[PDB]
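**Q** If you scroll down you'll find the structure; I have some questions about it.
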Amino acid sequence: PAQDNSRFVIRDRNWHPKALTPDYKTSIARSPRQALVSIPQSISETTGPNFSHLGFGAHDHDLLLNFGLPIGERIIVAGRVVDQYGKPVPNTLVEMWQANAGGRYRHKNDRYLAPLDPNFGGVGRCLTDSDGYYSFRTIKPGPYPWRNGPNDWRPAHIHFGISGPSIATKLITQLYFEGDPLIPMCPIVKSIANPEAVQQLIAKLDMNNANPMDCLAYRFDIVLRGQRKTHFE
Amino acid sequence: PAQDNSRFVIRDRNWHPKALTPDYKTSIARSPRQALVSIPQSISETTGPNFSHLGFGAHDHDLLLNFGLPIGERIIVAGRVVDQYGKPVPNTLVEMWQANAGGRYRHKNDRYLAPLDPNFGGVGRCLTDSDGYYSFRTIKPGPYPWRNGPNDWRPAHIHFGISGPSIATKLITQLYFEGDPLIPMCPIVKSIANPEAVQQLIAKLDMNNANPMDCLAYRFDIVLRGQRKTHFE
Amino acid sequence: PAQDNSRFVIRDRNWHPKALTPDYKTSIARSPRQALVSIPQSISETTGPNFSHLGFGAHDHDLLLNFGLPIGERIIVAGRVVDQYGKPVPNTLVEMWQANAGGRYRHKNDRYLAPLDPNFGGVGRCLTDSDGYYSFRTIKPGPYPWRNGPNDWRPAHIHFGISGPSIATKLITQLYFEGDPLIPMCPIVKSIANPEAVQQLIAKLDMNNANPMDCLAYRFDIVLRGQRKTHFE
Amino acid sequence: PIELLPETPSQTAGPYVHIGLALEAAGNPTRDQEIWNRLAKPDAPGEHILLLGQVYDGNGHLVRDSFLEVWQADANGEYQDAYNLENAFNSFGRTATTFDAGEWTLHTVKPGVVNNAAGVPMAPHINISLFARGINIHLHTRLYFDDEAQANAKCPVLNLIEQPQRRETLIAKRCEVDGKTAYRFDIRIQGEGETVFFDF
Amino acid sequence: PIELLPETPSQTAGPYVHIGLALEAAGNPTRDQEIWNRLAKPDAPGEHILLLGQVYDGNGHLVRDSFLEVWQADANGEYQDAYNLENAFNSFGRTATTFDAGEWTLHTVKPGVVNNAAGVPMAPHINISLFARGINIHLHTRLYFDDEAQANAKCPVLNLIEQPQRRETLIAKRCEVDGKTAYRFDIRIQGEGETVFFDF
Amino acid sequence: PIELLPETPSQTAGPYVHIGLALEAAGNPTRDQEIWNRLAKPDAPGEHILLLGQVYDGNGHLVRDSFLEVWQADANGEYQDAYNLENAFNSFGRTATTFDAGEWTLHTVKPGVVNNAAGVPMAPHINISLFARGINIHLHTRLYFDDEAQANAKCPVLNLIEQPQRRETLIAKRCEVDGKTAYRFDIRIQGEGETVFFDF
Amino acid sequence: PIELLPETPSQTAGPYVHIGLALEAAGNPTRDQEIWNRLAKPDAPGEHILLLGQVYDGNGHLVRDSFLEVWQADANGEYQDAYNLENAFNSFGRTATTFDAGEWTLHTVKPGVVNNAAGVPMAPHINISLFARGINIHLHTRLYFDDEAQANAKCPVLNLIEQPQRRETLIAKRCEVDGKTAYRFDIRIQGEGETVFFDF
Ligand SMILES: O=C(O)c1ccc(O)[n+]([O-])c1
Ligand SMILES: O=C(O)c1ccc(O)[n+]([O-])c1
Ligand SMILES: O=C(O)c1ccc(O)[n+]([O-])c1
Ligand SMILES: O=C(O)c1ccc(O)[n+]([O-])c1
Ligand SMILES: [Fe+3]
Ligand SMILES: [Fe+3]
Ligand SMILES: [Fe+3]
Ligand SMILES: [Fe+3]
């Protein structure tokens, strides 16, 4: 079974978005009013599931084949998952979901007028390799109108979920695309107080990883909390 | 019939792209080697067709219905046509064509593997109003790979054709989308020597013209050769 | 009756002061804790009253005659009402109220020790002209102490109310005077987060409009939400 | 992106708004023609009703200096923008809360049904804008009627309010005043039973 | 001071999280292997229990788009990190609230006792991470059992909460569902009875 | 010096121009009205003629994706700007070269003489604009007729070409097609026999 | 966008290239092992051929200081990368043009068929790289055989060349030298009959 052999560098709550960010309307009623209670790291917090034996399908990471061809901009989304120490995070679960080319999600609750794509589901999963590398093949999502302010539009984005070595490292975030003008006007993006932090959510155009006459590529690296051994405890 | 009462500001051929721009491969064998012969303006050049009486269909300018619903980012493309003096150009013909959401054109010669969209054609036309204003309703096109260099990708764009008041003013150009990272890299774009001129071809996101919960909008103003009356001729 | 032909540019709620601005003490108990519910524009919101037929008195806009001469600096306060597109707003209702030369208001609840002026009421109204212009003749008001912090003083200001084409455009604001050192210390002023927004409330000395040996003039332009026609709805 | 001229920023009306917009209440002389709380003359078509209510702050205390503006359709569900004191009915009016009891009143007719932009009928309602000292930017709300339960259930606007419990904050309670049909509409700016406010 | 590479910032999971992590719920076809709410196979050692609850917002309204992740030791107080659908017991699970009723469920066994870093035994508990639209960064909490009072009284973790009354928010209430041992654990995000959320 | 707003920079029409301006050629459905290559109806006054030609690149290879626009006077040396399909004759037309053979054709009448700005008559000519992939900014040329030698000799425009040799590149060669008067006009973009292109 | 480390810029080989890459030609003593122009030993499987040619500049003048590198598959369409003088066949060779006549020669075998990345077969070909004074960055070309017309017509590479006439520039003409099968392959760097050069 798992063992308490590591400590995780303490999260920076001024870096991540705060709980209460009023421009993001829903955060108003869904943010704790009391202060979080700090607790020392224990085996409970420093262990987590290892998905090495999960039986992944052959097309789990390929959104072009996993749901004819989807209509939209064919792109690969690749990157690496490292810790704050710069160390690779191998055999880790990376999950993603997103709208179609027109900004419509394959979800009941999605009533946007843009149509669904018969050949597109919008979900993928990939276990990082030895070197912390992951990759997905998909189509670039479209911006989506949402009921926040009277004319709010989410920039095109991909939702990501990353496990890491422990529950202490587990993270959910979103990927944005380089140069999207909607980026700076989004209340969700704006939940991040530091513009430098925003930059880390931007995927960059990667011509080097593109397949000529086929698809473009975007690079997105993820940094999880730094992992160190215990000392003098 | 038409009459010779106007003169048009001489075109600045250092502003427009030159004929020979080696990085855009096809210009090599398709650009004259002799100098253009300058000629005085006459009625032949100072007049042109007026399409005021063309019989336009109701959905001529609405790519969303003119061909179910196309898959892709719904948007409005609007702007004004003015001359160099800043005067509107009313009742002028503006035509556009583009590829679908995936970068596929509805043309015989287009063998790109992204699929055709059954609900999408890609052609529009619109006559400017009394104020020189035009508008189209479409979906944002996707970038397209082409055989120039080994990994060349045209940035997302819409082809435009504008008549103006004379054959001296007729122009063909392309519209690009604000912040698209491929812009700086394209050899066709680069056919334009001045970066200031490049900026002129970039459509700006226009949240003000957008229909909430429905479609985004892009603003694209067009400037044609300034028109003046003859004097001391 | 009124018709649903227009749309109004959505309000920038980070431009206007927020509801909760703690330094302005009264705002604490009078600000909603829930987020505003956004709603599509309907005839209910896009129409509003037209006061072209209100029977205005001859000195409605002249605070010098409408109540002996008042004591204080005689000034003309004039300007233009336009929308965000820069279009003039003809025949719109402009209402204003203010304190006297001493900062005393002719209202029962005003207990300030500065005396009332027998010749001054302090209310005016003007219907904008064909070009969006309005003008008032009054005396410059005096700063006023108020129970906020222990030594709070409002800068000299005139309260304004503007109707516009609809209930969506209706606004209440305050005019401040160029160079007033009280401006930056005012908690009500500071309700506005952007220094550039603050600038918009400062009337500028207008020597060009003054009547020599008579009165000075201040210029105050007002900008209402931009009005557009509905499209592709 | 494209940027227009920015709209002039709002400021509180302040405690003395009455001198400018509700002359009587300021305890000052009025002009020949004032915009007040009587939208309909006795001879106006439709069901003549009286509206009343109080405004409460986050502490549950009365806000005795509020100023209100109302916009409503006539009995046929038509908006009458041409404001005239000669008219039997005006779609627009103003009212304020008493420095004493702290209650406002309006004399009008029950508005007819109006359709939204999509052609769907909205339940009879009165558009209200609240202004006062301590309020930086005015609050927009809607008054609906308890005796239009059937219409209310189907209003596309009321239906935009996520939580059903909040919708009730918008419904005026039918009563009678001096044998006349009246509706009570209390506004709770903050806290327990906070009234829904809109942005458009 | 020494600065490391900064951690990638958290973003809300959004309203459609189900599409990526709770396929069934999204109303989409599942894959061969899915991580879900059944941690224990019927033949797993320990005391089989059913866990259920609701999640409330600051207004006391149900949160029906909530996503939850659990991590607990087996009956021997052991963390089984090698996730396999073949195992009789998995330490990791996932659940979500019904778009209707808005209740989540988990099928597992009561976790054995684990010691803290200092060698002190912690009362049996389940680690919970809560995700959802309007939640910028997920909330961490622990589920404790009302029948482990003696253990609970001495938990080094519980003992870190200053206010004794706040500790109560972490205690699940034992019941029975169809003759099976069940524990109800409701989560109050904000306000009256707000649940203790942790940082580690 | 005084600087005006800059004209929008030109860009190549691209290989797919047809979809936008020569619907038939794109192999797509056309609309009710299309601007095409038949300028005169059989009942148009003047000498009806058939114009045809090929376009060559600098290598002597056919340009199969070219698109041309034409502007000419009627038989009375008159410019008919009010474009209308009903018209017996329209001064404006559009044509394209076959993706196969790579020849374009136009159906019209021999234009009458017009005078320049100085009042001197120009020989009958047709103004052409060429577009295509690899052409950054469209090329302007004029078509002259070989049977108008006397007039051609006097042309103030033709006389502007320094080298007499180059003038010949502008003269269309009279022939007959199916017993109809036809004229052949080949356009050499570059190299040997390069066609004169104009600036105005 | 993501930028990698830039590749080291190329520079002309210059006129004395032979001293470094063609020892004999420089007229200098050679080392024990030199990479030269004999890809096959007499006992190598396949059809033994002689390759010869000239290189011309834009003026039609011989380029006598050119240097060439060749890459080819064996008779079985196999690429032999482990270079060894002991080998019966080496896929890699080197050659240069004479300071006199200016002709290069290669001693090899007719390469077998290799498939492209898509799995489609390419006509037998030899990959050539051309270096010399006046050439800033080396020229890439392919040598095809006239006696393989059938394969040639279906070559996915040859087919990428838009103009058929250009394709001819890549075909070597079969002849005989001392009763030995030879193919002549002339390179025309510039102008009339300019050989096709590739980028990859
Ligand atoms: O309490 C207030 O909001 C206030 C007090 C005085 C004054 O002059 N204004 O404008 C506002
Ligand atoms: O309300 C939200 O939190 C929301 C709405 C749409 C969307 O795409 N994401 O990611 C989030
Ligand atoms: O070859 C060209 O010139 C070309 C190819 C594709 C495309 O989209 N545009 O615009 C131009
Ligand atoms: O002509 C040349 O290209 C040349 C001449 C001399 C030299 O040393 N390198 O390197 C080059
Ligand atoms: Fe005041
Ligand atoms: Fe989303
Ligand atoms: Fe194109
Ligand atoms: Fe050298």
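Just remember, in the structure tokens the first chain shown is A, the second B, etc., residues are 1-based per chain, and ligands are 1-based in the order shown.
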Counting only C-alpha atoms, what is within 9 Å of region 191-194 of chain A, bar same-chain residues fewer than 4 positions away, as a ChimeraX atom specification?
**A** /A:14-24,186-187,198 /E:9-11,136
**Q** Write the residues of the selection above to a file with N, CA and C atoms, as a compact mmCIF listing (two decimals), in the first residue's frame.
**A**
# COMPACT_ATOMS: atom_id res chain seq x y z
N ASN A 14 -2.32 32.93 -3.25
CA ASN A 14 -2.38 34.27 -3.86
C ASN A 14 -2.11 34.14 -5.34
N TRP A 15 -1.53 32.99 -5.75
CA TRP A 15 -1.22 32.68 -7.15
C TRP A 15 -2.50 32.17 -7.87
N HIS A 16 -3.05 31.16 -7.19
CA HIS A 16 -4.34 30.55 -7.68
C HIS A 16 -5.40 31.65 -7.43
N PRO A 17 -6.50 31.48 -8.14
CA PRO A 17 -7.67 32.39 -7.99
C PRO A 17 -8.20 32.22 -6.57
N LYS A 18 -8.80 33.30 -6.08
CA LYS A 18 -9.39 33.23 -4.71
C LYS A 18 -10.80 32.61 -4.87
N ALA A 19 -11.38 32.21 -3.73
CA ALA A 19 -12.71 31.63 -3.69
C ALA A 19 -13.74 32.68 -4.14
N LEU A 20 -13.74 33.87 -3.54
CA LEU A 20 -14.71 34.90 -3.88
C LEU A 20 -14.25 35.86 -4.92
N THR A 21 -14.72 35.78 -6.13
CA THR A 21 -14.40 36.66 -7.28
C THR A 21 -15.73 37.10 -7.91
N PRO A 22 -16.35 38.11 -7.31
CA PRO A 22 -17.64 38.59 -7.66
C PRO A 22 -18.02 38.74 -9.09
N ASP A 23 -17.10 39.02 -9.98
CA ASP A 23 -17.44 39.17 -11.41
C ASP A 23 -17.87 37.83 -12.01
N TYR A 24 -17.46 36.78 -11.35
CA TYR A 24 -17.80 35.40 -11.67
C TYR A 24 -18.98 35.10 -10.67
N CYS A 186 -12.46 37.82 -19.92
CA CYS A 186 -13.18 36.78 -19.21
C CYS A 186 -13.09 36.82 -17.72
N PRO A 187 -14.24 36.90 -17.06
CA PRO A 187 -14.38 36.91 -15.63
C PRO A 187 -13.79 35.68 -14.98
N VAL A 198 -1.84 34.00 -15.37
CA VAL A 198 -2.69 33.84 -16.54
C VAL A 198 -1.89 33.26 -17.71
N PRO E 9 -2.11 27.37 -12.25
CA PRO E 9 -3.29 27.84 -11.52
C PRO E 9 -4.57 27.02 -11.88
N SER E 10 -5.32 26.81 -10.82
CA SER E 10 -6.60 26.14 -10.83
C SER E 10 -7.64 27.01 -11.54
N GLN E 11 -8.59 26.35 -12.14
CA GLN E 11 -9.76 26.96 -12.81
C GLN E 11 -10.98 26.07 -12.42
N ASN E 136 -13.61 28.06 -7.84
CA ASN E 136 -12.35 28.38 -8.58
C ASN E 136 -11.26 27.35 -8.28
**Q** Per residue of chain B within 12 Å of ligand 3, record the nearest atom pair and its distance in Å to one decimal, counting only C-alpha atoms and all ligand atoms, with rows in chain order and ascending residue number, as CSV.
**A**
residue,atom,partner,partner_atom_place_in_ligand_line,distance
B:21,CA,ligand 3,3 (O),11.9
B:23,CA,ligand 3,3 (O),11.3
B:24,CA,ligand 3,3 (O),7.6
B:25,CA,ligand 3,1 (O),8.3
B:26,CA,ligand 3,1 (O),7.1
B:27,CA,ligand 3,3 (O),8.6
B:28,CA,ligand 3,3 (O),11.8
B:30,CA,ligand 3,3 (O),11.2
B:96,CA,ligand 3,10 (O),12.0
B:97,CA,ligand 3,10 (O),10.0
B:98,CA,ligand 3,8 (O),8.0
B:99,CA,ligand 3,8 (O),7.9
B:100,CA,ligand 3,8 (O),11.4
B:103,CA,ligand 3,8 (O),8.5
B:104,CA,ligand 3,8 (O),9.3
B:105,CA,ligand 3,8 (O),8.4
B:106,CA,ligand 3,8 (O),11.8
B:107,CA,ligand 3,8 (O),11.4
B:109,CA,ligand 3,6 (C),10.8
B:110,CA,ligand 3,6 (C),9.3
B:111,CA,ligand 3,6 (C),11.5
B:112,CA,ligand 3,6 (C),10.7
B:141,CA,ligand 3,8 (O),10.4
B:142,CA,ligand 3,8 (O),10.0
B:143,CA,ligand 3,8 (O),8.1
B:144,CA,ligand 3,8 (O),6.3
B:145,CA,ligand 3,6 (C),7.6
B:146,CA,ligand 3,5 (C),5.8
B:147,CA,ligand 3,1 (O),7.4
B:148,CA,ligand 3,1 (O),7.3
B:149,CA,ligand 3,1 (O),11.0
B:152,CA,ligand 3,5 (C),9.9
B:153,CA,ligand 3,6 (C),8.6
B:154,CA,ligand 3,8 (O),6.1
B:155,CA,ligand 3,8 (O),8.4
B:156,CA,ligand 3,8 (O),8.5
B:157,CA,ligand 3,10 (O),7.6
B:158,CA,ligand 3,10 (O),8.2
B:159,CA,ligand 3,10 (O),7.2
B:160,CA,ligand 3,10 (O),10.6
B:172,CA,ligand 3,10 (O),11.3
B:173,CA,ligand 3,10 (O),9.5
B:174,CA,ligand 3,10 (O),7.8
B:175,CA,ligand 3,10 (O),10.3
B:176,CA,ligand 3,10 (O),10.8
B:186,CA,ligand 3,11 (C),10.4
B:187,CA,ligand 3,3 (O),9.7
B:188,CA,ligand 3,3 (O),7.3
B:189,CA,ligand 3,10 (O),9.9
B:191,CA,ligand 3,3 (O),11.2
**Q** Mind dumping the selected residues with C-alpha atoms as an mmCIF file, in the first residue's frame?
**A**
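Output file again.cif is given in full below:
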data_model
loop_
_atom_site.group_PDB
_atom_site.id
_atom_site.type_symbol
_atom_site.label_atom_id
_atom_site.label_comp_id
_atom_site.auth_asym_id
_atom_site.auth_seq_id
_atom_site.Cartn_x
_atom_site.Cartn_y
_atom_site.Cartn_z
ATOM 1 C CA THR B 21 7.795 38.164 -53.463
ATOM 2 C CA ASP B 23 8.698 33.358 -50.382
ATOM 3 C CA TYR B 24 5.233 33.154 -52.004
ATOM 4 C CA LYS B 25 6.414 30.656 -54.608
ATOM 5 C CA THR B 26 3.837 31.187 -57.364
ATOM 6 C CA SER B 27 4.569 34.931 -57.632
ATOM 7 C CA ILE B 28 7.965 33.863 -59.145
ATOM 8 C CA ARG B 30 3.579 35.086 -62.335
ATOM 9 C CA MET B 96 -16.566 37.341 -50.012
ATOM 10 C CA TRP B 97 -15.653 33.595 -50.076
ATOM 11 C CA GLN B 98 -13.899 31.435 -47.422
ATOM 12 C CA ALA B 99 -13.388 27.830 -46.264
ATOM 13 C CA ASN B 100 -15.488 26.169 -43.526
ATOM 14 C CA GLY B 103 -10.275 24.957 -43.378
ATOM 15 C CA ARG B 104 -11.981 23.092 -46.249
ATOM 16 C CA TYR B 105 -13.066 24.969 -49.387
ATOM 17 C CA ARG B 106 -16.124 23.963 -51.447
ATOM 18 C CA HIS B 107 -14.060 23.791 -54.620
ATOM 19 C CA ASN B 109 -9.472 21.478 -56.608
ATOM 20 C CA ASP B 110 -9.446 21.372 -52.787
ATOM 21 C CA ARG B 111 -8.109 18.022 -51.656
ATOM 22 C CA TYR B 112 -7.488 18.893 -48.011
ATOM 23 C CA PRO B 141 -13.006 29.770 -41.126
ATOM 24 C CA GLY B 142 -10.127 27.520 -40.034
ATOM 25 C CA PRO B 143 -6.463 27.814 -41.118
ATOM 26 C CA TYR B 144 -5.449 25.826 -44.222
ATOM 27 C CA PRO B 145 -2.181 24.056 -45.089
ATOM 28 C CA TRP B 146 -0.903 24.686 -48.628
ATOM 29 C CA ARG B 147 2.028 23.632 -50.778
ATOM 30 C CA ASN B 148 4.394 26.620 -50.456
ATOM 31 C CA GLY B 149 7.191 25.711 -47.984
ATOM 32 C CA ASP B 152 3.050 26.513 -44.452
ATOM 33 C CA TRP B 153 -0.420 27.247 -42.992
ATOM 34 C CA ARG B 154 -2.588 30.136 -44.156
ATOM 35 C CA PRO B 155 -3.972 31.997 -41.143
ATOM 36 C CA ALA B 156 -7.815 31.926 -40.880
ATOM 37 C CA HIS B 157 -9.062 34.479 -43.457
ATOM 38 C CA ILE B 158 -11.969 35.554 -45.661
ATOM 39 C CA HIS B 159 -11.367 36.652 -49.267
ATOM 40 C CA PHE B 160 -12.921 40.013 -50.253
ATOM 41 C CA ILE B 172 -9.273 42.167 -54.025
ATOM 42 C CA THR B 173 -7.833 41.504 -50.536
ATOM 43 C CA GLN B 174 -8.136 39.236 -47.474
ATOM 44 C CA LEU B 175 -9.355 39.779 -43.914
ATOM 45 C CA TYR B 176 -7.421 38.158 -41.024
ATOM 46 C CA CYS B 186 2.498 33.645 -43.638
ATOM 47 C CA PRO B 187 4.431 34.426 -46.825
ATOM 48 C CA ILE B 188 1.300 35.827 -48.526
ATOM 49 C CA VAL B 189 0.862 38.249 -45.576
ATOM 50 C CA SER B 191 4.145 39.983 -49.422
#
**Q** Produce as an mmCIF file with C-alpha atoms, in the first residue's frame the set of residues near ligand 2, where near means within 6 Å with only C-alpha atoms and all ligand atoms considered.
**A**
data_model
loop_
_atom_site.group_PDB
_atom_site.id
_atom_site.type_symbol
_atom_site.label_atom_id
_atom_site.label_comp_id
_atom_site.auth_asym_id
_atom_site.auth_seq_id
_atom_site.Cartn_x
_atom_site.Cartn_y
_atom_site.Cartn_z
ATOM 1 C CA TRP A 146 -22.734 31.995 -21.000
ATOM 2 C CA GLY E 14 -17.487 24.299 -14.927
ATOM 3 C CA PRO E 15 -21.054 23.011 -15.439
ATOM 4 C CA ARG E 133 -19.079 25.591 -11.370
ATOM 5 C CA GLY E 134 -18.495 28.651 -9.180
#
**Q** Give me the residues of chain D that have any atom at most 10 Å from an atom of chain E; for each, the nearest atom pair and the distance in Å, rounded to one decimal. Use only C-alpha atoms, sort by chain and number, and format it as a Markdown table.
**A**
| residue | atom | partner | partner_atom | distance |
| --- | --- | --- | --- | --- |
| D:163 | CA | E:61 | CA | 7.7 |
| D:164 | CA | E:61 | CA | 9.9 |
| D:165 | CA | E:61 | CA | 9.1 |
| D:192 | CA | E:59 | CA | 9.4 |
**Q** Store the residues of this selection in a file with N, CA, C and O atoms, as a PDB file, in the first residue's frame.
**A**
ATOM      1  N   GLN D 163     -33.135  30.086  -9.170  1.00  0.00           N
ATOM      2  CA  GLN D 163     -33.819  29.560  -7.997  1.00  0.00           C
ATOM      3  C   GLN D 163     -35.225  30.084  -7.837  1.00  0.00           C
ATOM      4  O   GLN D 163     -35.459  31.273  -7.614  1.00  0.00           O
ATOM      5  N   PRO D 164     -36.162  29.153  -7.905  1.00  0.00           N
ATOM      6  CA  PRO D 164     -37.596  29.459  -7.785  1.00  0.00           C
ATOM      7  C   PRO D 164     -37.899  30.332  -6.592  1.00  0.00           C
ATOM      8  O   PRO D 164     -38.737  31.248  -6.734  1.00  0.00           O
ATOM      9  N   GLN D 165     -37.300  30.096  -5.448  1.00  0.00           N
ATOM     10  CA  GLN D 165     -37.534  30.868  -4.224  1.00  0.00           C
ATOM     11  C   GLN D 165     -37.304  32.377  -4.368  1.00  0.00           C
ATOM     12  O   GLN D 165     -37.906  33.203  -3.623  1.00  0.00           O
ATOM     13  N   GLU D 192     -31.684  38.737   4.054  1.00  0.00           N
ATOM     14  CA  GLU D 192     -32.838  37.818   4.096  1.00  0.00           C
ATOM     15  C   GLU D 192     -33.921  38.380   3.154  1.00  0.00           C
ATOM     16  O   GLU D 192     -34.331  39.537   3.352  1.00  0.00           O
TER      17      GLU D 192
END
**Q** Residue 173 (chain E): which residues within 12 Å, counting only C-alpha atoms, same-chain residues fewer than 2 positions away excluded, as a ChimeraX atom specification?
**A** /E:50-53,143-149,168-171,175-176,181-186
**Q** Kindly export the residues of the current selection with C-alpha atoms, as a CSV table (one decimal), in the first residue's frame.
**A**
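Output below, filename part.csv:
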chain,number,residue,atom,x,y,z
E,50,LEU,CA,-23.5,3.3,1.8
E,51,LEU,CA,-22.6,7.0,2.0
E,52,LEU,CA,-24.9,9.8,0.7
E,53,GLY,CA,-25.4,13.5,0.9
E,143,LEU,CA,-15.8,12.7,6.5
E,144,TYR,CA,-15.9,11.3,10.1
E,145,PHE,CA,-18.5,8.9,11.6
E,146,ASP,CA,-20.8,9.6,14.5
E,147,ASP,CA,-20.3,6.1,16.0
E,148,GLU,CA,-16.6,6.7,16.4
E,149,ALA,CA,-17.0,9.3,19.1
E,168,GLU,CA,-19.5,18.7,14.3
E,169,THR,CA,-19.7,19.8,10.7
E,170,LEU,CA,-17.4,16.9,9.8
E,171,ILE,CA,-19.4,14.1,11.4
E,175,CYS,CA,-28.7,5.6,9.4
E,176,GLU,CA,-30.0,2.7,7.3
E,181,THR,CA,-25.8,0.8,7.2
E,182,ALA,CA,-25.8,4.3,5.7
E,183,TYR,CA,-24.2,7.6,6.7
E,184,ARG,CA,-25.5,10.9,5.6
E,185,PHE,CA,-23.0,13.7,5.0
E,186,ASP,CA,-24.3,17.0,3.9
**Q** Can you work out which residues from chain B touch chain C at a cut-off of 12 Å (counting only C-alpha atoms) and hand them back as a PyMOL selection string?
**A** chain B and resi 59+61-65+74-78+134-138+206-217
**Q** From a backbone DSSP assignment, name each residue in region 29-114 of chain B labelled helix (DSSP H, G or I), as a ChimeraX atom specification.
**A** /B:43-46
**Q** For chain F against chain B, which residues fall within 8 Å using only C-alpha atoms, given as a ChimeraX atom specification?
**A** /F:4-13,16-17,19-21,26-28,31-33,57-59,71-72,78-85,91-92,114-117,127,133-137,157,160-161,189-191,194,196-200
**Q** Can you work out the spacing between CA of residue 152 (chain G) and CA of residue 69 (chain G) in Å, to one decimal?
**A** 22.7 Å
**Q** Point out the residue among D:86, D:162, D:3, D:65 with the least atom-to-atom distance to ligand 1, counting only C-alpha atoms and all ligand atoms.
**A** D:65
